[PDB]
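K.L.:
Take a look at this one; I'll ask things after.
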Ligand SMILES: Nc1nc2c(ncn2[C@@H]2O[C@H](COP(=O)(O)OP(=O)(O)OP(=O)(O)O)[C@@H](O)[C@H]2O)c(=O)[nH]1
Ligand SMILES: Nc1nc2c(ncn2[C@@H]2O[C@H](COP(=O)(O)OP(=O)(O)OP(=O)(O)O)[C@@H](O)[C@H]2O)c(=O)[nH]1
Ligand SMILES: Nc1nc2c(ncn2[C@@H]2O[C@H](COP(=O)(O)OP(=O)(O)O)[C@@H](O)[C@H]2O)c(=O)[nH]1
Ligand SMILES: Nc1nc2c(ncn2[C@@H]2O[C@H](COP(=O)(O)OP(=O)(O)O)[C@@H](O)[C@H]2O)c(=O)[nH]1
Ligand SMILES: [Mg+2]
């Protein structure tokens, strides 16, 4: 049986994770206590006499995000041991989450994962959720991904990670932690999907016409991507794309494993009725820079490998027509050596909508996960931020005192520079 | 499948379009909430299940006219993002609507025109609604018509412009805005249709006996003419006359394309019982000098070509008979090189009536859109007023303040002078 | 066993041909669905001339309906006898010609002429061997003129020995239904003098006063006007579809009516026209069918046949009549009217008697007139074209798609050479 | 006594084969529960070709469903006609092929190929005489393209005297459903040119055009496409299952359609397809089926037959048809366009007739074409493969499961060898 | 279930087996020829009229004069 395990590290992983497990419960009919009044095996383990528990662990050094889950309305869903807490947070220090504090909790963390990896009959991958800007996300995320590769080799690590915005970011030391996390994320995860905070702000302001959005509006449509990602494991479809099919069909080289995301129909209740939602209409909007979920312009780079996951009432011909019209549009550009560039997956289940959510029901939906050379713009802009503060050794004495050495910033800069150089040559026309 | 995408620019365009889309929903039976309780495909798009949206955009830099639609009885009809607004209006400045405040809204405007054309299978034309005496109607209309040419090539564009009246006026810089706007819509508009307030208000005073008319009364009878122009696409008949017909059957040269308009039955409710509406009567009444939309005199010039669009119960016999009688009248004279003077067309359905409107339910209708050599009379008078205006640079520091160069004023003066020598030369025997 | 392929073009062609298949269906006993309901066996021997046998007894017509504006075919599809035609034969455009000849001949007729030739060629070998091709259009238009004439040029290119019978509506003398009628008619005639074999010139303003004066109809319409043209097109092929005492097919009328290859434009009259109130008063006899036939009022062309001499005449009589009653009444009209007939051709009038009259008629006849009096109509069209071309009015649309002003001079020369040749044989 | 063993691999083939047993069991009269409920006696002589007798009157198909994912097991099993297969023959994996050709062929297929050769040997030993192995798979995937071609090499080495019918879809020109098609297809064709006796080239986009231009279906699902593919496979073995006037089994097709041992890929078409609006108007006769037979739009392959010359074609006619009327229509197409036919192979076409048509449709035919026009399809995959391989894109996966790049150069060399001999015979 | 059961046509067996005359009349399904409607309709001048006088309110019979 198909089966995936999600580890959620750091506050951003938990707060998104509070929204993803709110989505799968409404989708599969599981009540907050954990009892339904066959497809649930992808995310839920059926426990004993009619109870389903999630296959996720919640680990964070700061308990104050975790105890909202323990005392919330989903207190009876999760196993009590799966919600893992610590004494004090890493507190925006990568040296504290990887060396000082993270070493005590990572030994316990692999123990509960080994319980979930023993309960599976066929394991298909891992779903990491973290933010590279924080100490827990960068530090404990690097340590957990390091130990997972040694323990469970050649398994797919689908790490949905959140990166700082080029313009609108909240933490000062975010450029430092992003570079040190990328040095470990580059060589370990199989598919890493960037999420950007500011791009989702522009999505909610324009398409969802909400002038003042907060984090719980942001994490709902992030959870719409994850449900659209794994809908082929839970529900049937015309063209099933398994999680193991993603990494063999998206990454061309072992080092270029960064991809974007875009959810095409994002409309409110009063917008939906006036809008004639057609397959060609949503497909055109998915490639627009407005509906991209990372703050970058895809016209600058060239798309390299894009996969579309059509959810709902979509026949295999209107995806045949829409993809052809997309390829003939002059704005969208593919790389020369990859003439086949599209993966079309259709799942027959329409997307579920949460009451209180700002999305209305839509019969058809598209999630595009795109490998592009324009991600080099997302990593050069953070390479510029890391260069200025390290030019006079800012904030270094917090990292040096907490276990990490001075030298590790040098090759982390070199490894990120080696990645930007690799991105330019793979987009080079030959 | 036939499709025409109407655009309404400025306050004059929107308020006429409020009366235009009121008539369209009444013809096909569309309720104001957007749902009917096959013929609608030229103006409406069947959205999902049981909902129709208009294929139009109301764009204006002044938000006061747009939100009246958004607060009126048709708030549920139009798509909420098809309606376009702005922070500050052009305010009778052609340089403002073209250069400094109209540029920020035209990028969003074509993004909806792109999506409306992608929703339609075969586009047949564009309907443009403005008055050249204002800021948004002239300035943003110049930006919209020019940018639609480079994007939508060889597609017909009906320009329904309301020109400044000769004797009466509502603004002081109307001769300035009219000359500059005519410089833009001469080279770009495929077919231009002239409207004037005084002749329409003279129509209401004589035939419709309304001694105190307003814009609401004026916009309805303009809307009735435009619905008759596209009635061939909406409904079937004997001689269907689609959009490309008016392009080549009324415009002999690539400059002479400013046409008049006339609607023959303009009769109130109590006058209609005592009036016998025959095709011989109304075709005589269509060519009467009191019945045009523009205050220009027919017999001062000669007609180039005339288009008689007929609606309702009209047999093809009496249109053949009455046109011959029209040609034999010595009061009107045609140009010497066009013996085949007319083009005819008959639709098989009568026009609808707005409930509470002034027009009566008439079984027949004429849409008399004709090309004449008398269009130079309304152009020379606007040319003369601008010449006296520009004698010592009145109202120029406002226009040159907002980016426009002083040389653009004299260039537009030469263009109308080039148009002025065109009509005298072509109409000469 | 001889077959005719029918092609209809534009608003004028489709609406006329819809009434053409209206008359021949109930003449052959065909219901709107396609089944047979006739009470005699004479209808069923010659059905392959205009119909193709389908499974279940259905009969699909040999009609290719073609145009550029898709609104015309919704009219024939919604009308009665509109469910008979093959949907593969429903070939259409979307933009519309817009009454520009060169637009309907070069830009949007180019992509459509490949499609209509695939349908016509598939209909060509569907039968044994074609008797000929019949088309209906209007010369003043843009859909049936610009695209119809290129269709005629290509169908003669691949099928050179096959026949052509174009039923063309010429522009009005008195009024104008489109302002570009003389531009379209002159370019259409320039193509039709080579590729077309027989051109049945019909004019509206001769149809109208037949309805108003001979037929006394107070409210004539296109439903009534097309039915007069439809009654002609059944009468030309009366001997093809039915046995007759003296038969005449398309080639029978081809060798007689055409003295010289350039002269093939005919004025046509349909004989038994009588109003409803005068039905009982008129006696139906062969002499008075002839008297109604030779009147200038009865011709459906605006040219007056008194002003010119008849080069060749052909009358297609239908019904139970004796073969001398048709004969000495043709000797009488050549003797009592000798000035209006050509001296260098003795016995100008060609006869044909068919045994099966149309529905509700005990006797009927159809007239084809090849006279030199039709030159004044062509000179009238030539006069308007000279007036416009010197000042190049309404002409930049035709040059917008590359048809140069040379072709207009070529069209005027071929018009002026043709109108002079009629005058040359008038002397 | 000529039994056929069906094996289905991959998501594409199993969904295709689900529609195959949907149609064949409907043709032979077996209801979803497996009992016989047909009305004819002609279905009850040869059930053994596709089915096995079971205790209690149950009929089980000779099907072996093999896959690396349990997802497509559940899709076939939950649909109609899904219970008919044996529960023991539902062999499947758990990890999934992941659209990796090397994982299907080397790593994950190795732990399963021994399990599926147990099932294939079991079914082959049960039947009296093997007439072939009918495998239905894809070439753009990894489950049926990678693991399926391993099964091709395995059955061919213990069974070297039996035919192989590899029904395989190919990557489409207009769109692309995976991203590793040139890598997947070129390696799968490398295995198919030796071990497979003959192959049937299919694609999605040629079915879409048939579903839209010919059948006028606006919304074709995969069930609509697979029924067009299943209509092919019933026509290949039409003479085996039913008696016929001129019989032709799979070897007789093989000995004629294959002039040379590397030219065994064919382009296939199913003839009688008409839209619901055009059923009542199309008169189906032997000339009408032949006109639809050689039309380029009726081919279920993307190769236009006008580009290449037909080396050998075969006609699988089903129904009560006149023998010469079948043949003279094939003689008509040999001479009306003889430039499209190979000159050094006289009498290119082969006609075989079976007097038991498919249900409801009295006349039907299946076209099998060994044309060199299919070189453009393999040329497209070759130029798509060479573009990716020089930049080594998507290659760190395939080298990971022990499949070195030495084999991938050999795939391109054998790909170019196939198109070289096809281009060699155009001259 | 997919969109096929929502559209209504189930399995294409009718189109393949050419037995469409067994169906209830008006079943468009997914046939583009059947689901075509446009251009509207209007009687106009065809009211209370038909062309029958050739085959034997109008004419000179509708001529009126002075009361007798
Ligand atoms: N999309 C989204 N991003 C969030 C959310 N919460 C926090 N973030 C992002 O996370 C960043 C802070 O880094 P984190 O990894 O969350 O910090 P942390 O998880 O508390 O780790 P420690 O500080 O070491 O305890 C902020 O800049 C946000 O952009 C959330 O609810 N949704
Ligand atoms: N046909 C018609 N014309 C109108 C109507 N209302 C105002 N107008 C004309 O519009 C002219 C003003 O020019 P416009 O271009 O409409 O002014 P505007 O649209 O408000 O442009 P801005 O002032 O820059 O916002 C006046 O001279 C009026 O004659 C109306 O309801 N119908
Ligand atoms: N008799 C008859 N003539 C028609 C009909 N429709 C159009 N016409 C004639 O056709 C001429 C113009 O045809 P038009 O519509 O421009 O042809 P098209 O646009 O090229 O297809 C006019 O002079 C009309 O008299 C009809 O139904 N009956
Ligand atoms: N005709 C048809 N083709 C299909 C169907 N499902 C998938 N395919 C084709 O299969 C290809 C994708 O390969 P895949 O199914 O993943 O092959 P696998 O990896 O061996 O299971 C695409 O080109 C699809 O066009 C179906 O139901 N019918
Ligand atoms: Mg924290």
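How was it done? The header gives electron microscopy, 3.7 Å.
Cβ atoms are placed via backbone N, Cα and C, with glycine included.
According to Swiss-Prot, the record shows the following:
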BINDING   D:11, D:69, D:138, D:142, D:143, D:144, D:204, D:226  GTP binding site
BINDING   D:69  Mg(2+) binding site
K.L.:
With every protein chain in view, how many other Cβ atoms are within 10 Å of the Cβ of residue D:138 (GTP binding site)?
P.N.:
30
K.L.:
Can you check which residue among the binding-site residues D:11, D:143, D:204, D:226 has the largest number of Cβ atoms within 10 Å of its own?
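P.N.:
Result of the Cβ crowding comparison: D:143.
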K.L.:
Under a criterion of Cβ-Cβ distance under 8 Å and sequence separation of at least 6, what residues of the same chain contact residue D:142 (GTP binding site)?
P.N.:
D:10, D:68, D:97, D:98, D:99, D:100, D:101, D:103, D:104, D:180, D:184
K.L.:
Below 8 Å between Cβ atoms and chain A: which of D:11, D:69, D:143, D:144, D:226 make it? I'm asking about the binding-site residues.
P.N.:
D:11, D:69
K.L.:
Within the chain of residue D:144 (GTP binding site), which residues six or more apart in sequence place their C-beta under 8 angstroms from its C-beta?
P.N.:
D:8, D:9, D:10, D:11, D:12, D:13, D:14, D:67, D:137, D:138
K.L.:
Validating a neighbour-count step here. Other CB atoms within 10 A of the CB of residue D:69 (GTP binding site): how many?
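P.N.:
By my count, 23.
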K.L.:
Could you give the maximum C-alpha to C-alpha distance in Å for the residues D:11, D:69, D:138, D:142, D:143, D:144, D:204, D:226 that bind GTP per the record?
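P.N.:
Max span of the GTP binding residues, Cα based, is 22 Å.
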K.L.:
DSSP secondary structure for residue D:138 (GTP binding site), reduced to helix/strand/coil, please.
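P.N.:
Strand, per DSSP.
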